[PDB]
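*Asks:* Structure file structure.pdb, PDB, C-alpha atoms, is pasted below:
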```pdb
MODEL        1
ATOM      1  CA  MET A   1      83.887  64.308 105.705  1.00  0.00           C
ATOM      2  CA  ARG A   2      87.361  64.400 107.183  1.00  0.00           C
ATOM      3  CA  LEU A   3      89.495  61.868 105.254  1.00  0.00           C
ATOM      4  CA  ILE A   4      92.894  60.393 104.794  1.00  0.00           C
ATOM      5  CA  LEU A   5      93.128  58.706 101.345  1.00  0.00           C
ATOM      6  CA  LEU A   6      95.775  56.021 100.839  1.00  0.00           C
ATOM      7  CA  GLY A   7      96.552  54.378  97.471  1.00  0.00           C
ATOM      8  CA  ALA A   8      99.404  52.464  95.916  1.00  0.00           C
ATOM      9  CA  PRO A   9     101.097  54.042  92.893  1.00  0.00           C
ATOM     10  CA  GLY A  10      99.311  52.838  89.757  1.00  0.00           C
ATOM     11  CA  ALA A  11      96.141  52.177  91.813  1.00  0.00           C
ATOM     12  CA  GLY A  12      94.489  55.306  90.319  1.00  0.00           C
ATOM     13  CA  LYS A  13      94.296  57.400  93.508  1.00  0.00           C
ATOM     14  CA  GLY A  14      94.436  60.758  91.610  1.00  0.00           C
ATOM     15  CA  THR A  15      91.138  60.191  89.817  1.00  0.00           C
ATOM     16  CA  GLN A  16      89.480  58.756  92.953  1.00  0.00           C
ATOM     17  CA  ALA A  17      90.653  61.730  94.967  1.00  0.00           C
ATOM     18  CA  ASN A  18      88.937  63.896  92.292  1.00  0.00           C
ATOM     19  CA  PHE A  19      85.770  61.928  92.480  1.00  0.00           C
ATOM     20  CA  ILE A  20      85.567  62.161  96.266  1.00  0.00           C
ATOM     21  CA  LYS A  21      86.464  65.870  96.493  1.00  0.00           C
ATOM     22  CA  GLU A  22      83.820  66.735  93.848  1.00  0.00           C
ATOM     23  CA  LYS A  23      81.075  64.692  95.539  1.00  0.00           C
ATOM     24  CA  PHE A  24      81.419  66.321  98.978  1.00  0.00           C
ATOM     25  CA  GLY A  25      82.833  69.669  97.772  1.00  0.00           C
ATOM     26  CA  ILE A  26      85.908  69.251 100.042  1.00  0.00           C
ATOM     27  CA  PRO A  27      89.421  70.258  99.053  1.00  0.00           C
ATOM     28  CA  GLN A  28      92.218  67.903  98.198  1.00  0.00           C
ATOM     29  CA  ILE A  29      95.104  68.587 100.566  1.00  0.00           C
ATOM     30  CA  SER A  30      98.642  67.484  99.693  1.00  0.00           C
ATOM     31  CA  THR A  31     101.976  68.609 101.186  1.00  0.00           C
ATOM     32  CA  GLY A  32     103.426  69.587  97.809  1.00  0.00           C
ATOM     33  CA  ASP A  33     100.548  71.996  97.103  1.00  0.00           C
ATOM     34  CA  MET A  34     100.552  73.301 100.657  1.00  0.00           C
ATOM     35  CA  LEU A  35     104.292  74.105 100.494  1.00  0.00           C
ATOM     36  CA  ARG A  36     104.088  75.784  97.142  1.00  0.00           C
ATOM     37  CA  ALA A  37     101.055  77.908  98.126  1.00  0.00           C
ATOM     38  CA  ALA A  38     102.595  78.832 101.476  1.00  0.00           C
ATOM     39  CA  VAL A  39     105.947  79.665  99.848  1.00  0.00           C
ATOM     40  CA  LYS A  40     104.226  81.750  97.096  1.00  0.00           C
ATOM     41  CA  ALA A  41     102.025  83.584  99.621  1.00  0.00           C
ATOM     42  CA  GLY A  42     105.089  84.540 101.739  1.00  0.00           C
ATOM     43  CA  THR A  43     103.475  83.111 104.848  1.00  0.00           C
ATOM     44  CA  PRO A  44     105.721  82.837 107.911  1.00  0.00           C
ATOM     45  CA  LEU A  45     105.749  79.019 107.799  1.00  0.00           C
ATOM     46  CA  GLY A  46     106.288  79.224 104.049  1.00  0.00           C
ATOM     47  CA  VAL A  47     109.386  81.389 104.376  1.00  0.00           C
ATOM     48  CA  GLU A  48     110.670  79.077 107.041  1.00  0.00           C
ATOM     49  CA  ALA A  49     109.941  75.965 104.842  1.00  0.00           C
ATOM     50  CA  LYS A  50     111.713  77.578 101.952  1.00  0.00           C
ATOM     51  CA  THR A  51     114.904  77.851 103.967  1.00  0.00           C
ATOM     52  CA  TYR A  52     114.977  74.059 103.979  1.00  0.00           C
ATOM     53  CA  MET A  53     113.894  73.611 100.340  1.00  0.00           C
ATOM     54  CA  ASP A  54     116.571  76.080  99.051  1.00  0.00           C
ATOM     55  CA  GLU A  55     119.139  73.794 100.598  1.00  0.00           C
ATOM     56  CA  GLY A  56     117.702  70.478  99.275  1.00  0.00           C
ATOM     57  CA  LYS A  57     116.917  69.578 102.906  1.00  0.00           C
ATOM     58  CA  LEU A  58     113.885  67.729 104.345  1.00  0.00           C
ATOM     59  CA  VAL A  59     111.211  70.147 105.576  1.00  0.00           C
ATOM     60  CA  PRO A  60     110.682  68.941 109.153  1.00  0.00           C
ATOM     61  CA  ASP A  61     107.444  67.353 110.420  1.00  0.00           C
ATOM     62  CA  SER A  62     106.945  70.198 112.913  1.00  0.00           C
ATOM     63  CA  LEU A  63     106.723  72.613 109.998  1.00  0.00           C
ATOM     64  CA  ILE A  64     104.489  70.451 107.720  1.00  0.00           C
ATOM     65  CA  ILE A  65     102.079  70.021 110.575  1.00  0.00           C
ATOM     66  CA  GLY A  66     102.148  73.755 111.208  1.00  0.00           C
ATOM     67  CA  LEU A  67     101.207  74.305 107.554  1.00  0.00           C
ATOM     68  CA  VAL A  68      98.459  71.763 108.017  1.00  0.00           C
ATOM     69  CA  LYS A  69      96.876  73.593 110.964  1.00  0.00           C
ATOM     70  CA  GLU A  70      96.821  76.883 109.002  1.00  0.00           C
ATOM     71  CA  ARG A  71      95.603  75.186 105.902  1.00  0.00           C
ATOM     72  CA  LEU A  72      92.602  73.696 107.779  1.00  0.00           C
ATOM     73  CA  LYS A  73      91.625  77.140 109.078  1.00  0.00           C
ATOM     74  CA  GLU A  74      90.783  78.332 105.544  1.00  0.00           C
ATOM     75  CA  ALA A  75      87.160  78.834 104.434  1.00  0.00           C
ATOM     76  CA  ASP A  76      87.161  75.902 101.966  1.00  0.00           C
ATOM     77  CA  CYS A  77      87.649  73.311 104.738  1.00  0.00           C
ATOM     78  CA  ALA A  78      84.319  74.193 106.385  1.00  0.00           C
ATOM     79  CA  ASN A  79      82.576  71.046 105.034  1.00  0.00           C
ATOM     80  CA  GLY A  80      85.638  68.845 105.645  1.00  0.00           C
ATOM     81  CA  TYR A  81      88.816  67.802 103.806  1.00  0.00           C
ATOM     82  CA  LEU A  82      90.747  65.050 102.008  1.00  0.00           C
ATOM     83  CA  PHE A  83      94.377  64.316 102.820  1.00  0.00           C
ATOM     84  CA  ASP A  84      96.015  62.843  99.720  1.00  0.00           C
ATOM     85  CA  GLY A  85      99.247  60.992 100.414  1.00  0.00           C
ATOM     86  CA  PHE A  86      99.621  62.401 103.903  1.00  0.00           C
ATOM     87  CA  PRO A  87     100.470  61.378 106.593  1.00  0.00           C
ATOM     88  CA  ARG A  88     103.282  59.242 105.334  1.00  0.00           C
ATOM     89  CA  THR A  89     104.759  58.242 108.713  1.00  0.00           C
ATOM     90  CA  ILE A  90     103.438  57.238 112.158  1.00  0.00           C
ATOM     91  CA  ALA A  91     105.148  60.306 113.690  1.00  0.00           C
ATOM     92  CA  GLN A  92     103.235  62.498 111.223  1.00  0.00           C
ATOM     93  CA  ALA A  93     100.036  60.663 112.072  1.00  0.00           C
ATOM     94  CA  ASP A  94     100.748  61.188 115.737  1.00  0.00           C
ATOM     95  CA  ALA A  95     101.716  64.882 115.231  1.00  0.00           C
ATOM     96  CA  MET A  96      98.335  65.386 113.482  1.00  0.00           C
ATOM     97  CA  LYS A  97      96.581  63.764 116.479  1.00  0.00           C
ATOM     98  CA  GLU A  98      98.546  65.874 118.984  1.00  0.00           C
ATOM     99  CA  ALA A  99      97.798  68.997 116.895  1.00  0.00           C
ATOM    100  CA  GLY A 100      94.101  68.188 117.073  1.00  0.00           C
ATOM    101  CA  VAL A 101      93.497  67.388 113.401  1.00  0.00           C
ATOM    102  CA  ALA A 102      90.245  65.369 113.334  1.00  0.00           C
ATOM    103  CA  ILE A 103      90.023  62.442 110.954  1.00  0.00           C
ATOM    104  CA  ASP A 104      86.835  60.347 110.480  1.00  0.00           C
ATOM    105  CA  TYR A 105      88.072  57.762 107.936  1.00  0.00           C
ATOM    106  CA  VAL A 106      91.291  56.302 106.662  1.00  0.00           C
ATOM    107  CA  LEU A 107      90.310  55.059 103.197  1.00  0.00           C
ATOM    108  CA  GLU A 108      92.753  52.649 101.521  1.00  0.00           C
ATOM    109  CA  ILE A 109      92.167  52.225  97.822  1.00  0.00           C
ATOM    110  CA  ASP A 110      91.777  48.559  97.180  1.00  0.00           C
ATOM    111  CA  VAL A 111      93.406  47.223  93.982  1.00  0.00           C
ATOM    112  CA  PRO A 112      95.643  44.153  94.309  1.00  0.00           C
ATOM    113  CA  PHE A 113      99.351  44.535  93.447  1.00  0.00           C
ATOM    114  CA  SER A 114      99.236  41.729  90.885  1.00  0.00           C
ATOM    115  CA  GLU A 115      96.503  43.557  88.913  1.00  0.00           C
ATOM    116  CA  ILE A 116      98.543  46.814  88.959  1.00  0.00           C
ATOM    117  CA  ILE A 117     101.735  45.068  87.831  1.00  0.00           C
ATOM    118  CA  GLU A 118      99.833  43.163  85.178  1.00  0.00           C
ATOM    119  CA  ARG A 119      98.070  46.362  84.040  1.00  0.00           C
ATOM    120  CA  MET A 120     101.178  48.538  83.616  1.00  0.00           C
ATOM    121  CA  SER A 121     104.017  46.192  82.652  1.00  0.00           C
ATOM    122  CA  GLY A 122     102.259  44.415  79.730  1.00  0.00           C
ATOM    123  CA  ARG A 123     101.756  47.800  78.011  1.00  0.00           C
ATOM    124  CA  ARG A 124     103.545  48.422  74.690  1.00  0.00           C
ATOM    125  CA  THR A 125     103.458  51.268  72.230  1.00  0.00           C
ATOM    126  CA  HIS A 126     104.485  51.995  68.665  1.00  0.00           C
ATOM    127  CA  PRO A 127     105.985  55.438  69.154  1.00  0.00           C
ATOM    128  CA  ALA A 128     105.682  56.880  65.628  1.00  0.00           C
ATOM    129  CA  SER A 129     101.854  56.380  65.634  1.00  0.00           C
ATOM    130  CA  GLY A 130     101.051  56.322  69.373  1.00  0.00           C
ATOM    131  CA  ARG A 131      99.270  52.928  68.940  1.00  0.00           C
ATOM    132  CA  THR A 132      99.150  50.936  72.141  1.00  0.00           C
ATOM    133  CA  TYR A 133      99.040  47.224  72.771  1.00  0.00           C
ATOM    134  CA  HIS A 134      99.092  45.077  75.833  1.00  0.00           C
ATOM    135  CA  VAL A 135     100.958  41.808  75.980  1.00  0.00           C
ATOM    136  CA  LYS A 136      97.930  40.196  77.594  1.00  0.00           C
ATOM    137  CA  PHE A 137      94.752  42.179  76.949  1.00  0.00           C
ATOM    138  CA  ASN A 138      95.469  43.561  73.492  1.00  0.00           C
ATOM    139  CA  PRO A 139      98.363  41.636  72.033  1.00  0.00           C
ATOM    140  CA  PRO A 140     100.032  42.502  68.736  1.00  0.00           C
ATOM    141  CA  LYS A 141      99.554  39.852  66.031  1.00  0.00           C
ATOM    142  CA  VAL A 142     103.337  39.459  65.797  1.00  0.00           C
ATOM    143  CA  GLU A 143     105.187  39.762  69.131  1.00  0.00           C
ATOM    144  CA  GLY A 144     107.132  43.022  69.491  1.00  0.00           C
ATOM    145  CA  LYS A 145     105.745  44.518  66.250  1.00  0.00           C
ATOM    146  CA  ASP A 146     103.139  47.103  65.352  1.00  0.00           C
ATOM    147  CA  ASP A 147     100.235  45.447  63.420  1.00  0.00           C
ATOM    148  CA  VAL A 148     100.049  48.264  60.877  1.00  0.00           C
ATOM    149  CA  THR A 149     103.714  49.018  60.094  1.00  0.00           C
ATOM    150  CA  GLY A 150     105.654  45.963  61.236  1.00  0.00           C
ATOM    151  CA  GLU A 151     107.792  48.406  63.252  1.00  0.00           C
ATOM    152  CA  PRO A 152     109.227  47.665  66.701  1.00  0.00           C
ATOM    153  CA  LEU A 153     107.148  47.995  69.832  1.00  0.00           C
ATOM    154  CA  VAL A 154     108.553  49.408  73.025  1.00  0.00           C
ATOM    155  CA  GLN A 155     108.002  49.262  76.739  1.00  0.00           C
ATOM    156  CA  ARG A 156     108.653  52.256  79.019  1.00  0.00           C
ATOM    157  CA  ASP A 157     111.403  51.798  81.542  1.00  0.00           C
ATOM    158  CA  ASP A 158     108.959  53.021  84.312  1.00  0.00           C
ATOM    159  CA  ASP A 159     106.564  50.198  83.388  1.00  0.00           C
ATOM    160  CA  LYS A 160     109.015  47.316  83.701  1.00  0.00           C
ATOM    161  CA  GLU A 161     107.606  44.620  86.011  1.00  0.00           C
ATOM    162  CA  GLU A 162     110.380  44.886  88.592  1.00  0.00           C
ATOM    163  CA  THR A 163     110.373  48.692  88.570  1.00  0.00           C
ATOM    164  CA  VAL A 164     106.603  48.640  89.264  1.00  0.00           C
ATOM    165  CA  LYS A 165     107.020  45.946  91.960  1.00  0.00           C
ATOM    166  CA  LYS A 166     109.749  48.010  93.635  1.00  0.00           C
ATOM    167  CA  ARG A 167     107.375  51.026  93.817  1.00  0.00           C
ATOM    168  CA  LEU A 168     104.639  48.884  95.392  1.00  0.00           C
ATOM    169  CA  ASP A 169     107.053  47.433  97.971  1.00  0.00           C
ATOM    170  CA  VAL A 170     108.082  50.917  99.146  1.00  0.00           C
ATOM    171  CA  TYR A 171     104.479  52.051  99.344  1.00  0.00           C
ATOM    172  CA  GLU A 172     103.581  48.895 101.273  1.00  0.00           C
ATOM    173  CA  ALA A 173     106.262  49.455 103.917  1.00  0.00           C
ATOM    174  CA  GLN A 174     105.193  53.088 104.282  1.00  0.00           C
ATOM    175  CA  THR A 175     101.498  52.292 104.503  1.00  0.00           C
ATOM    176  CA  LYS A 176     101.367  49.243 106.808  1.00  0.00           C
ATOM    177  CA  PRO A 177     102.599  51.060 109.918  1.00  0.00           C
ATOM    178  CA  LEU A 178      99.955  53.760 109.238  1.00  0.00           C
ATOM    179  CA  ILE A 179      97.112  51.168 109.068  1.00  0.00           C
ATOM    180  CA  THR A 180      98.411  49.495 112.252  1.00  0.00           C
ATOM    181  CA  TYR A 181      98.844  52.871 114.002  1.00  0.00           C
ATOM    182  CA  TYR A 182      95.229  53.858 113.356  1.00  0.00           C
ATOM    183  CA  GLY A 183      93.768  50.375 114.028  1.00  0.00           C
ATOM    184  CA  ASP A 184      95.556  50.122 117.407  1.00  0.00           C
ATOM    185  CA  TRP A 185      94.362  53.585 118.386  1.00  0.00           C
ATOM    186  CA  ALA A 186      90.709  52.759 117.420  1.00  0.00           C
ATOM    187  CA  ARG A 187      90.885  49.715 119.856  1.00  0.00           C
ATOM    188  CA  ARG A 188      92.296  51.912 122.631  1.00  0.00           C
ATOM    189  CA  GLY A 189      89.655  54.685 122.341  1.00  0.00           C
ATOM    190  CA  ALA A 190      89.686  58.533 122.270  1.00  0.00           C
ATOM    191  CA  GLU A 191      93.030  60.340 122.587  1.00  0.00           C
ATOM    192  CA  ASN A 192      93.926  64.064 122.753  1.00  0.00           C
ATOM    193  CA  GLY A 193      90.123  64.401 122.749  1.00  0.00           C
ATOM    194  CA  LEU A 194      89.957  62.856 119.281  1.00  0.00           C
ATOM    195  CA  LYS A 195      88.421  59.595 118.112  1.00  0.00           C
ATOM    196  CA  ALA A 196      90.554  57.267 115.968  1.00  0.00           C
ATOM    197  CA  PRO A 197      89.458  57.279 112.346  1.00  0.00           C
ATOM    198  CA  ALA A 198      87.484  54.304 111.059  1.00  0.00           C
ATOM    199  CA  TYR A 199      89.433  52.157 108.546  1.00  0.00           C
ATOM    200  CA  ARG A 200      87.808  51.297 105.178  1.00  0.00           C
ATOM    201  CA  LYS A 201      89.157  49.306 102.211  1.00  0.00           C
ATOM    202  CA  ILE A 202      87.328  50.985  99.355  1.00  0.00           C
ATOM    203  CA  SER A 203      87.259  49.295  95.912  1.00  0.00           C
ATOM    204  CA  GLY A 204      84.893  51.340  95.852  1.00  0.00           C
TER     205      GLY A 204
ENDMDL
END
```
Write out the structure in this file as structure tokens.
*Replies:*
Amino acid sequence: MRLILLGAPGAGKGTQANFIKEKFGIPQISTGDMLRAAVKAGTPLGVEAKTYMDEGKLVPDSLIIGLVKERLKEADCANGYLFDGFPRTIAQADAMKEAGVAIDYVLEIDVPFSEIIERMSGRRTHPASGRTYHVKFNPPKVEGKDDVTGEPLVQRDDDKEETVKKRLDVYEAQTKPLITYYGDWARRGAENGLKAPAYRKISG
């Protein structure tokens, strides 16, 4: 199993990642973890990456991909691997191809945006007790009040409908080019000696 896993924020990718990695005994690979491990281990690419990070600068694609190639050489990738939230751009996708990183499937977690927005933004809590409510699925008996105490209910700023929608929009514009990139390649055939990954919407 050699996988890219794509999922919108709030779509529950983290737990699905965990399910998939457990089932095939393949490691979850993300750029954050790769950078930190490489930096901590004083690897040559890690020291180089740190020169950018110390300065609040973008670590360049050339370097991330270099960390990827070393990462995939490790023992734990012998049965395969799961990219979580990488690639993010078509140039990264294309760098991975040109670097010879094999990918069998692009799996896109399938959970409609309206369900995500609905799920998160209707949430309310009573902070003193931790009691939760949902404006739709578990409404308080009196709007904006805790059933037990009568005290005010709150909504997290991160959960506000338009904050959530803005996160999905960004994800969407990041992800669509990646799906197109891989779909077009799969219709063209093998490149750099690699087959395009097969696209699956998994719901799943």
*Asks:* Give me, as a tab-separated table, the closest atom pair and its distance (Å, one decimal) for every residue of region 77-153 of chain A within a cut-off of 8 Å of region 175-188 of chain A, counting all atoms listed in the file, rows sorted by chain and rising number.
*Replies:*
```
residue	atom	partner	partner_atom	distance
A:88	CA	A:175	CA	7.2
A:89	CA	A:178	CA	6.6
A:90	CA	A:178	CA	5.7
A:93	CA	A:178	CA	7.5
```
*Asks:* Within 9 Å of residue 3 (chain A), counting only C-alpha atoms, which residues show up once you throw out same-chain ones fewer than 3 positions away? Write them as a PyMOL selection string, please.
*Replies:* chain A and resi 80-84+102-107+197
*Asks:* Given only C-alpha atoms as the basis, pick out the residue of A:111, A:91, A:4, A:153 nearest to residue 124 (chain A).
*Replies:*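 Ranking A:111, A:91, A:4, A:153 by distance to residue 124 (chain A), first place goes to A:153.
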*Asks:* Please identify all polymer residues within 10 Å of residue 152 (chain A), counting only C-alpha atoms, omitting same-chain residues fewer than 2 positions from it, and present them as a PyMOL selection string.
*Replies:* chain A and resi 124-128+143-147+149-150+154
*Asks:* Give the answer as one residue: which of A:44, A:66, A:189, A:204 has the shortest atom-to-atom distance to residue 17 (chain A), using all atoms listed in the file?
*Replies:* A:204
*Asks:* What do you get, as a PyMOL selection string, if you spell out every residue that the PyMOL selection byres ((chain A and resi 31) around 9) selects here?
*Replies:* chain A and resi 29-30+32-36+64+67-68+83-86
*Asks:* List the spatial neighbours of residue 9 (chain A) as a short mmCIF file (atom, residue, chain, number, x, y, z; two decimals) with C-alpha atoms, in the frame of the given file - criterion: any atom at most 9 Å away, all atoms listed in the file, same-chain residues fewer than 6 positions off excluded.
*Replies:*
```cif
data_model
loop_
_atom_site.label_atom_id
_atom_site.label_comp_id
_atom_site.auth_asym_id
_atom_site.auth_seq_id
_atom_site.Cartn_x
_atom_site.Cartn_y
_atom_site.Cartn_z
CA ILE A 116 98.54 46.81 88.96
CA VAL A 164 106.60 48.64 89.26
CA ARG A 167 107.38 51.03 93.82
CA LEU A 168 104.64 48.88 95.39
CA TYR A 171 104.48 52.05 99.34
#
```
*Asks:* So how far away is CA of residue 148 (chain A) from CA of residue 120 (chain A), in Å?
*Replies:*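 Taking CA of residue 120 (chain A) and CA of residue 148 (chain A), their separation equals 22.8 Å.
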*Asks:* Figure out the distance between CA of residue 156 (chain A) and CA of residue 131 (chain A), please, to one decimal in Å.
*Replies:*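 About the pair CA of residue 131 (chain A) and CA of residue 156 (chain A): they are 13.8 Å apart.
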*Asks:* Applied to the shown file, which residues does the PyMOL selection byres ((chain A and resi 203) around 9) return, written as a count of residues only?
*Replies:* 7
*Asks:* Could you name the residues that touch residue 122 (chain A) at 8 Å or less, counting only C-alpha atoms, but leaving out those on the same chain fewer than 2 positions away, as number ranges by chain?
*Replies:* A: 118-120, 124, 134-136
*Asks:* The selected residues should be written to file as a short mmCIF file (atom, residue, chain, number, x, y, z; two decimals), keeping the file's coordinate frame (atoms: C-alpha atoms).
*Replies:*
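Dumped everything to result_13.cif:
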```cif
data_model
loop_
_atom_site.label_atom_id
_atom_site.label_comp_id
_atom_site.auth_asym_id
_atom_site.auth_seq_id
_atom_site.Cartn_x
_atom_site.Cartn_y
_atom_site.Cartn_z
CA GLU A 118 99.83 43.16 85.18
CA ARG A 119 98.07 46.36 84.04
CA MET A 120 101.18 48.54 83.62
CA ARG A 124 103.54 48.42 74.69
CA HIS A 134 99.09 45.08 75.83
CA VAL A 135 100.96 41.81 75.98
CA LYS A 136 97.93 40.20 77.59
#
```
*Asks:* On this file, the PyMOL selection byres ((chain A and resi 79) around 7) gives some set of residues; write that set as a tab-separated table (two decimals) with C-alpha atoms, keeping the file's coordinate frame.
*Replies:*
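Writing the result to selection_32.tsv gives the following:
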```
chain	number	residue	atom	x	y	z
A	1	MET	CA	83.89	64.31	105.70
A	26	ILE	CA	85.91	69.25	100.04
A	77	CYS	CA	87.65	73.31	104.74
A	78	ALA	CA	84.32	74.19	106.38
A	80	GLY	CA	85.64	68.84	105.64
```
*Asks:* May I ask which of the residues A:139, A:39, A:92, A:10 is the closest one to residue 53 (chain A), counting all atoms listed in the file?
*Replies:*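 For residue 53 (chain A), the nearest of the given residues is A:39.
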*Asks:* As an exercise, work out the distance from CA of residue 94 (chain A) to CA of residue 42 (chain A) in Å and give it to one decimal place.
*Replies:*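 The value is 27.6 Å.
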*Asks:* Provide region 57-136 of chain A of the preceding structure as a file containing C-alpha atoms, as a short mmCIF file (atom, residue, chain, number, x, y, z; two decimals), in the first residue's frame.
*Replies:*
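And here is the file that came out, result.cif:
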```cif
data_model
loop_
_atom_site.label_atom_id
_atom_site.label_comp_id
_atom_site.auth_asym_id
_atom_site.auth_seq_id
_atom_site.Cartn_x
_atom_site.Cartn_y
_atom_site.Cartn_z
CA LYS A 57 11.16 31.09 5.94
CA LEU A 58 9.43 28.47 3.75
CA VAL A 59 11.44 25.24 3.56
CA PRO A 60 11.76 24.76 -0.20
CA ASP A 61 10.14 21.89 -2.14
CA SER A 62 13.57 20.59 -3.21
CA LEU A 63 14.41 20.02 0.44
CA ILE A 64 11.04 18.50 1.51
CA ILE A 65 11.30 16.06 -1.34
CA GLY A 66 14.86 15.24 -0.33
CA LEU A 67 13.59 14.45 3.17
CA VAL A 68 10.91 12.32 1.58
CA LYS A 69 13.38 10.17 -0.37
CA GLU A 70 15.43 9.50 2.80
CA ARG A 71 12.36 8.91 4.84
CA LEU A 72 11.14 6.21 2.40
CA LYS A 73 14.48 4.39 2.65
CA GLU A 74 13.85 3.54 6.32
CA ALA A 75 12.98 -0.02 7.41
CA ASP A 76 9.37 0.81 8.41
CA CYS A 77 8.37 1.68 4.82
CA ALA A 78 9.06 -1.86 3.58
CA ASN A 79 5.33 -2.75 3.41
CA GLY A 80 4.36 0.68 2.04
CA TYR A 81 3.42 4.13 3.37
CA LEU A 82 0.70 6.75 3.91
CA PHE A 83 1.24 10.39 2.99
CA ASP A 84 -0.96 12.52 5.23
CA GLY A 85 -1.54 16.03 3.94
CA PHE A 86 1.24 15.84 1.39
CA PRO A 87 1.67 16.72 -1.45
CA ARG A 88 -0.08 20.02 -1.11
CA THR A 89 0.81 21.45 -4.54
CA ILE A 90 1.06 20.16 -8.13
CA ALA A 91 4.79 21.03 -8.16
CA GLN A 92 5.24 18.84 -5.07
CA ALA A 93 3.24 16.09 -6.73
CA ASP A 94 5.40 16.42 -9.80
CA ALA A 95 8.65 16.55 -7.74
CA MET A 96 7.57 13.27 -6.07
CA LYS A 97 7.00 11.73 -9.53
CA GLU A 98 10.36 13.00 -10.84
CA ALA A 99 12.05 11.70 -7.65
CA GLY A 100 10.55 8.28 -8.29
CA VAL A 101 8.17 8.12 -5.32
CA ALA A 102 5.61 5.43 -6.23
CA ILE A 103 1.99 6.03 -5.32
CA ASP A 104 -0.79 3.44 -5.89
CA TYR A 105 -3.83 5.40 -4.64
CA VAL A 106 -4.90 8.94 -3.99
CA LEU A 107 -7.67 8.50 -1.41
CA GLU A 108 -9.92 11.53 -0.83
CA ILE A 109 -11.97 11.31 2.32
CA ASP A 110 -15.55 11.80 1.34
CA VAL A 111 -17.68 13.90 3.73
CA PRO A 112 -19.72 16.75 2.22
CA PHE A 113 -18.88 20.32 3.29
CA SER A 114 -22.44 21.02 4.42
CA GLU A 115 -22.30 18.08 6.88
CA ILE A 116 -18.95 19.33 8.29
CA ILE A 117 -20.21 22.90 8.69
CA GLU A 118 -23.44 21.66 10.21
CA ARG A 119 -21.52 19.30 12.54
CA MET A 120 -19.06 21.86 13.95
CA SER A 121 -20.86 25.21 13.93
CA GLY A 122 -24.06 24.10 15.76
CA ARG A 123 -21.92 22.96 18.73
CA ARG A 124 -22.35 24.78 22.07
CA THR A 125 -20.91 24.22 25.50
CA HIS A 126 -21.52 25.29 29.07
CA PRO A 127 -17.95 25.94 30.13
CA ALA A 128 -18.23 25.56 33.93
CA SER A 129 -19.56 21.95 33.57
CA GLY A 130 -18.23 20.93 30.13
CA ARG A 131 -21.80 20.00 29.03
CA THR A 132 -22.24 20.11 25.28
CA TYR A 133 -25.26 20.80 23.14
CA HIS A 134 -25.85 21.13 19.46
CA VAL A 135 -28.22 23.68 18.01
CA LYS A 136 -29.66 20.99 15.76
#
```
